[PDB]
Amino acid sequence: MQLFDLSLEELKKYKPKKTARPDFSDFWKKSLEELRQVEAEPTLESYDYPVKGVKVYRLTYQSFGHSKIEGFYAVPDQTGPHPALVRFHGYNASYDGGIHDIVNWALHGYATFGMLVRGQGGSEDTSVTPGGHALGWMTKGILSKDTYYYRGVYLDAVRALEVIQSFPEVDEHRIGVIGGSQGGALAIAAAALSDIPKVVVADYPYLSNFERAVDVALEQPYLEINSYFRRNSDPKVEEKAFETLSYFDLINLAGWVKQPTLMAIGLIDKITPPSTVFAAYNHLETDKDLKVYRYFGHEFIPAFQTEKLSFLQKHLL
């Protein structure tokens, strides 16, 4: 592929005005309160996996809307407490719960839980579908911040941290949140809504600068929003949709992140355009660093893996 978004020089300076409504923090305050009203009631069931030195489990817990969230949980097979990681998977990109990577994270020394995102890689989503929406999760319940798909997801992410930190074999002071694109977005959103995480690693975070994303993205899933408007021409629906999205946009959440953060971005990424990622990064006011990779897009970036491992090792291991 090739360069397409703003020049690197412009990207570094790209910092769009926040779109957060006056009731932004109030919405998250209320949302967190509804989550708190749901007892976690976590369950742990051992799971066989052909690995030595790691114990794998299937973890489930109750979250927003009384939804049962799941994911594999791998723990180093040695005395703890262990530093932990809550890993979030990409949009519709979870295969068999990403169990093999979860196990490898545990082999690296981290008690790791790969929270499966509602209705995607796993987990239950009790939230009702208010009405029509484009193919996908991007616009489900988009006409209201209370019904929006990611409201439950973000909360599940926070609840995931609360459950993990409660584990006695987990060192609550050494918990990191990581993920790619959608996963990176959940990581950042979790760090913004909970102070449990110590550090944050986000690979080309998704759900960022929506109003620009729909005009710059050249591939799914941002375009699901575009597809949604094509099916609902009502001008008010568009205003409303973007109004809803602002409550979940990383450029509005970034400011709450106080944890050391490591981000990555490929300049030829057509799914999460550089501009939208730099936008999130430029709204972060915390110990941070953005690794830029000229020749990579929305994919695994080997050089960034080293960075990631090194960063987590330094702050947690």
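When you see a residue number, it is the position in the sequence shown, counting from 1.
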*Look over 92-100 and 166-174 in the entry and identify the one with the greater average Cα temperature factor.*
166-174
*Name the higher of the two by mean Cα B-factor in the PDB entry, 76-84 versus 157-165.*
76-84
*Can you tell me which of 272, 252, 43, 261 has the highest Cα temperature factor in the record?*
43
_Residue of maximum C-alpha B factor among 111, 134, 128, 207, per deposited coordinates_ = 128
*asked:* Among the modelled residues of this chain, does the Cα B factor of residue 266 put it in the lowest, middle or highest third?
replied: lowest
*C-alpha B factor of residue 294, ranked within the chain: lowest, middle or highest third?*
lowest
*Taking the C-alpha B-factors as the PDB entry records them, is residue 234 in the lowest, middle or highest third of its chain?*
highest
_residue 124, C-alpha B-factor rank within chain (lowest, middle or highest third)_ = highest
*Would the CA B-factor of residue 25 place it in the lowest, middle or highest third of its chain?*
highest
